[PDB]
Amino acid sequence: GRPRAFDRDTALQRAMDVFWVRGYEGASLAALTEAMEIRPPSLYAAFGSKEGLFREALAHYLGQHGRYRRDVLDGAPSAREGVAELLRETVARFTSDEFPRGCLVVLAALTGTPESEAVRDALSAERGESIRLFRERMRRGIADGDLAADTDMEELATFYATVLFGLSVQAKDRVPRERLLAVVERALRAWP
């Protein structure tokens, strides 16, 4: 067939930014096409629909802005330092001038119309993973000796995931990076 006249991954990144800022439903087809510099028929050719475009953009976001999460967790000598460096780097990215403020998974679709309930549920599932990720590192901690064997791994994981989701909301509110880092250290104070 005719060769594609646009980079698919670049269009995915630009569609991902529009979602990151306006949310799944707030990002209209007009705003998407104007940012991806393509036309609606070209979009539906490639991606399939707004829902499908968002699922590809979320998969792309998790592979580009979700890699550092597991990398800094497993790259620390202790589970506490893993959680510490993860929260610090997550605040650095939430407050960086290169990326939109906050996490896409948290801000994109918390509520909305029934039509998007699938998208919403999808994001919810990903938030669940944010807990499991924490838990897994803590598990390794228990094996490494830096964490007690009887610690409630899912309680700590849920707590630090709660702090993570709260940090997205605070970063959307333009809370200074210094105060968000102070919040991270305060949250680390709650470690057993």
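In this text, residue numbers run from 1 along the sequence as written.
Checked against the record, the higher mean CA B factor of 182 to 190 and 3 to 11 lies with 3 to 11. On average the C-alpha atoms of 142 to 150 have higher B-factors than those of the other stretch, with 142 to 150 and 163 to 171 being the two compared.
In this PDB entry, the Cα temperature factor of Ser96 sits in the top third of its chain's modelled residues, the highest group.
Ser28: CA B factor in the middle third of modelled residues in this chain (values from the PDB entry). Sorting the modelled residues of the chain by their CA temperature factor places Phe47 in the highest third. The deposited CA B-factor of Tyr68 belongs to the highest third of values across its chain.
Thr90 sits in the lowest third of its chain by CA B factor, as recorded in the PDB entry.
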